[PDB]
Each structure stands twice: as structure tokens, then as C-alpha cells.
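Line order of the protein sequences matches chains I and A. With PDB author numbering as the guide, the letters of the first sequence map in order to residues 5 to 24. With PDB author numbering as the guide, the letters of the second sequence map in order to residues 10 to 350. Even for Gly, the Cβ is constructed at its ideal location relative to N, Cα and C.
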Amino acid sequence: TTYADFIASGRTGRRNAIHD
Amino acid sequence: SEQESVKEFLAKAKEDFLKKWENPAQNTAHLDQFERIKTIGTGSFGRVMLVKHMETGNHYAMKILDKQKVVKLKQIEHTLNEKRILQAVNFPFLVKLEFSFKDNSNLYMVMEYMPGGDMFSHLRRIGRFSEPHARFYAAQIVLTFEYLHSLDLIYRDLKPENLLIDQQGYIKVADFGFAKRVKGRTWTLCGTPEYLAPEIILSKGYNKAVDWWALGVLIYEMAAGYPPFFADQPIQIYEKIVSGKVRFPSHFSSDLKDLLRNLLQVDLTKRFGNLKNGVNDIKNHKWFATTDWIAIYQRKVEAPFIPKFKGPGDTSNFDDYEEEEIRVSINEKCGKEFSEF
Numbered sequence: 005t006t007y008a009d010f011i012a013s014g015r016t017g018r019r020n021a022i023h024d
Numbered sequence: 010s011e012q013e014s015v016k017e018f019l020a021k022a023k024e025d026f027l028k029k030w031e032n033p034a035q036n037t038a039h040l041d042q043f044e045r046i047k048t049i050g051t052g053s054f055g056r057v058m059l060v061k062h063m064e065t066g067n068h069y070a071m072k073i074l075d076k077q078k079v080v081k082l083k084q085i086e087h088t089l090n091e092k093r094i095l096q097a098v099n100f101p102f103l104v105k106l107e108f109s110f111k112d113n114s115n116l117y118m119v120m121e122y123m124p125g126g127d128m129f130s131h132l133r134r135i136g137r138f139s140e141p142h143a144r145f146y147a148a149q150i151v152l153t154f155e156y157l158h159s160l161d162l163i164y165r166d167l168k169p170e171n172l173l174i175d176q177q178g179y180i181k182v183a184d185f186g187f188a189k190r191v192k193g194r195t196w197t198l199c200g201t202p203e204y205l206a207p208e209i210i211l212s213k214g215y216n217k218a219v220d221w222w223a224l225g226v227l228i229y230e231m232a233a234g235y236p237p238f239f240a241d242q243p244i245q246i247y248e249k250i251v252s253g254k255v256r257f258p259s260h261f262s263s264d265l266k267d268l269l270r271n272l273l274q275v276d277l278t279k280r281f282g283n284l285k286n287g288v289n290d291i292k293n294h295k296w297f298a299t300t301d302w303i304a305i306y307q308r309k310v311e312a313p314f315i316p317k318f319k320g321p322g323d324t325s326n327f328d329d330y331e332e333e334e335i336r337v338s339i340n341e342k343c344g345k346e347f348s349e350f
């Protein structure tokens, strides 16, 4: 499922802003 | 005069803002007036600590930036933007800046403390929000962007991590580190990967439409429980964003999907928030047909969720971070760079 794919990803915690 | 009561409010809001913008508050407290309690946030762009103000006993969230570290990250002008904007704004769903000051080593921004924690926390744990629950939060961000954009501000970092839940269950937007006052177009690559509009990724000049795109992302994430574009690394996220394609969970209502197709629209000439009707194309869509906009502003709508109160000062809704001392050098660092702070 899409949910199961998300939960197994590396990007379920707090996400950092990017910059150049 | 429905939309024209809105204009009377917005013209007065603008007068109020311009006074503070042109004459910013400066040096309104000092570090040793606060007792340090706990670090409740870190990151390349400083840290946030729970502090207690001794003369009042109030708790606040104190952001600390290392001046030398800001310079290295080339965020001087962005930090000057953050503080000048936050000291000038006044809206129910923006976190209030109570004090700002600097010493030889650091910059400090003291905001009201929200023991309730971030939306991110609650959303991940619960898994997803119902549509009515998502709608209540989204209505507050719609009004907040109406406000900000009327002041010529672009916000540029909408995400659940930046939304705090207050004691009444309503939202407060914090972190203005990328907020900017700009008429017309701007070019900086900034934001968070999952929330970036196609035009930012493609290094085009862009405008406040990128905030409306990000709203699409947030509503989606709130209601689905995961973002519309996710992968393990940012480059894979950007490919998905620039593809023109988006998949909706089967439980999404037909009104939600149609709202979302119009916010997550790559074609700027068709994206809601950016057209001749402006914010009203969003405010008057079928998904918000039950939303009483004035009742939301006045905080008279009953909230879907109110976080558990464990006292002023409680830090149970924040994670545990490594405590780092506040070094204050005996020599002034970066005096000229941050003179206006």
C-alpha cells in the first residue's frame, strides 16, 4: 500500500529545509 | 462587501504593519533575564529552547542563532528578513515575537511558548486527519496567506513541522527564516523538498503562487497521512513534482480531489490563488462550503483536537535533544552584518 511504502521510507521524520 | 469587509480589515492590517516594518523594534530584552530550561528543537539553522522570564514567570520559546554560523550558511539577509517581518506582523495564526536581542555571539528571538507541540507530531502518530479536521487547519492557513500576501510577504516554508497547536486547538505558524517582502518575482532556491512548487525546482522566477502550491501539499498530507510526492532522496521527489501527475487515496472526496488538482497545478495560469479571483477561488470552492470564515478568524469554531495540558512549562510534546551551552565570546562577532537586528 502507499501508506506502507511511506512508513518504510527514510523521510517520515521532521524534514529539513534546503538551500543552495 | 463580503469580500469588501475583508478589504477594510486588510487595509488597516497594512497600515499597522508598515509602521513597524519602517521602524522595527530592537534590543528589547537581555539573555540573563531568562532561565534556560530545555532544548526543544535543533538544526543547522539554530536551536529553540524553552525559557522562563524571571520578572514575570512566563514561559517562552527562545530561538538562538550563532552569528558566525548564519554567515557561513549565507543566511544573513534571510535572518534580517525573519526578524523584521516577525516583529511587524499581527494575526491570530502567526506565532508572536515577544522580544529580540543579540550579544557578542548570538541572535535571540523570544516567541510565545506553545506546549502543545507541532502538527507534524500529532499527524504522524494519529496517521491521518479526517477531511473536516484537515479543513479546519487548512482554513486557518488560507486566512493567514490572505493576510501575509496582502503585505507583499511570501512565506516559503509551509509544512506540518512549522505549525504549532495552541491550547485552544488552533494553529500558529512559526519559523519565518525564508519569509521575504517582495513585489513581483524572486529567485532563491529555498523551502523543503516535498513542498516545493515546480517553478522553484526549475529555477524560474517565482511568486506567492508557491505558497498556494504548498497548501495543496499540506492539505493532501493532512488528509492522506503521507505527502503527494515522496521518495527516499530529494532528487526523486523533484522528478515526481515536475511530472504533472498526482495520485489520490480512494477515501478522498470528489470535492477534495478537485480542490487539490487546482492547487497542485503546474500551469501557473490555472493555479488557484494566482488567478483574477485570487484567494476567493479557494475560499468559495465546494470543499469549504461549510466553512464559516469569520467564525474561524474569531476562534469560535470548535476544534477537532485539543492537546493535553500538563502545565505551563511542560515539554512532553517535544523530543529530547543534546543540551549545548550558550557560549558568549568576549569579542563581538559580525557586528556590521547584523547591525539592524
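Which value, in whole angstroms, describes the spacing of the CA atoms of residue i and residue j?
| i | j | result |
| --- | --- | --- |
| A:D267 | A:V288 | 16 angstroms |
| A:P207 | A:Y156 | 24 angstroms |
| A:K317 | A:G178 | 10 angstroms |
| A:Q84 | A:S263 | 42 angstroms |
| I:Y7 | A:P237 | 11 angstroms |
| A:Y330 | A:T51 | 7 angstroms |
| A:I209 | A:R165 | 10 angstroms |
| A:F18 | A:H62 | 34 angstroms |
| A:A232 | A:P169 | 12 angstroms |
| A:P202 | A:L227 | 13 angstroms |
| A:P124 | A:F314 | 14 angstroms |
| A:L160 | A:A218 | 15 angstroms |
| A:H142 | A:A304 | 15 angstroms |
| A:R134 | I:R15 | 15 angstroms |
| A:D276 | A:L211 | 13 angstroms |
| A:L205 | A:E64 | 43 angstroms |
| A:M118 | A:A22 | 23 angstroms |
| A:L116 | A:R45 | 15 angstroms |
| A:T48 | A:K279 | 44 angstroms |
| A:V151 | A:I174 | 16 angstroms |
| A:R194 | A:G320 | 45 angstroms |
| I:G17 | A:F129 | 9 angstroms |
| A:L74 | A:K111 | 9 angstroms |
| A:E86 | A:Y229 | 32 angstroms |
| A:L103 | A:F297 | 22 angstroms |
| A:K192 | A:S109 | 27 angstroms |
Starting from residue i, trace the alpha helix (DSSP H) in both directions and tell me its first and last residue.
| i | result |
| --- | --- |
| A:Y156 | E140 to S159 |
| I:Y7 | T6 to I11 |
| A:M231 | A218 to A233 |
| A:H87 | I85 to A97 |
| A:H39 | Unbroken run through A:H39: none, as it is neither H nor E. |
| A:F129 | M128 to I135 |
| A:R270 | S263 to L272 |
| A:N289 | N289 to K292 |
| A:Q77 | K76 to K81 |
| A:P237 | Neither: A:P237 is in no alpha helix (DSSP H) and is coded neither H nor E. |
| A:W302 | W302 to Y306 |
DSSP three-state call for residue i: helix, strand or coil?
| i | result |
| --- | --- |
| A:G50 | strand |
| residue 352 of chain A | The displayed coordinates of chain A run from 10 to 350. Any statement about residue 352 of chain A would go beyond what the structure contains. |
| A:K181 | strand |
| A:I244 | helix |
| A:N326 | coil |
| A:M123 | coil |
| A:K23 | helix |
| A:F318 | coil |
| residue 9 of chain A | Any answer about residue 9 of chain A is impossible in this case: the structure gives chain A only from 10 up to 350. |
| A:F257 | coil |
| A:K295 | helix |
| A:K192 | coil |
| A:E203 | helix |
| A:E31 | helix |
| A:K249 | helix |
| A:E44 | strand |
| A:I210 | helix |
Give every residue of the same chain whose Cβ lies closer than 6 angstroms to the Cβ of residue i, excluding the five residues on either side of it in the sequence, and list them in chain order.
| i | result |
| --- | --- |
| A:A70 | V57, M120 and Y122 |
| A:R93 | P33 |
| A:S325 | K319 |
Considering just the uninterrupted stretch of the beta strand (DSSP E) at residue i, what are its terminal residues?
| i | result |
| --- | --- |
| A:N67 | A:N67 -> no beta strand (DSSP E), and no H or E assigned at all. |
| A:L106 | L106 to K111 |
| A:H62 | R56 to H62 |
| A:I174 | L172 to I174 |
Using C-beta distances below 7 angstroms, list every residue in its chain close to residue i, excluding the 5 sequence neighbours before and after it, in chain order.
| i | result |
| --- | --- |
| A:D184 | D166 and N171 |
| A:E91 | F185, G186 and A188 |
| A:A240 | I246 and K249 |
| A:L89 | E349 and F350 |
| A:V80 | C343 and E346 |
| A:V182 | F102, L103, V104, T153, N171 and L172 |
Got a sec? Which residues, its chain only, sit under 8 angstroms from residue i by beta carbon, not counting five neighbours each side?
| i | result |
| --- | --- |
| residue 357 of chain A | Nothing about residue 357 of chain A can be reported from this structure: the residues present for chain A run from 10 to 350 only. |
Practice item. Determine which residues of the stretch 194 to 227 of chain A have a Cβ less than 9 angstroms from any Cβ of chain I, and write them out in chain order. Key: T197, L198, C199, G200, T201, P202, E203, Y204 and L205
Point to revise | Residues within the stretch 140 to 170 of chain A neighbouring chain I, beta-carbon criterion of under 8 angstroms | key: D166, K168 and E170
**Study point:** Near-chain I residues of the stretch 233 to 253 of chain A - C-beta to any C-beta below 9 angstroms
**Key:** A233, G234, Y235, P236, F239, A240, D241, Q242, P243 and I246
Point to revise | Members of the stretch 6 to 21 of chain I near chain A, C-beta cut-off 9 angstroms | key: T6, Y7, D9, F10, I11, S13, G14, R15, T16, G17, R18, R19, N20 and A21
Check your understanding: Of the residues that make up the stretch 52 to 73 of chain A, which ones have a beta carbon closer than 9 angstroms to any beta carbon in chain I?
Key -> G52, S53 and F54
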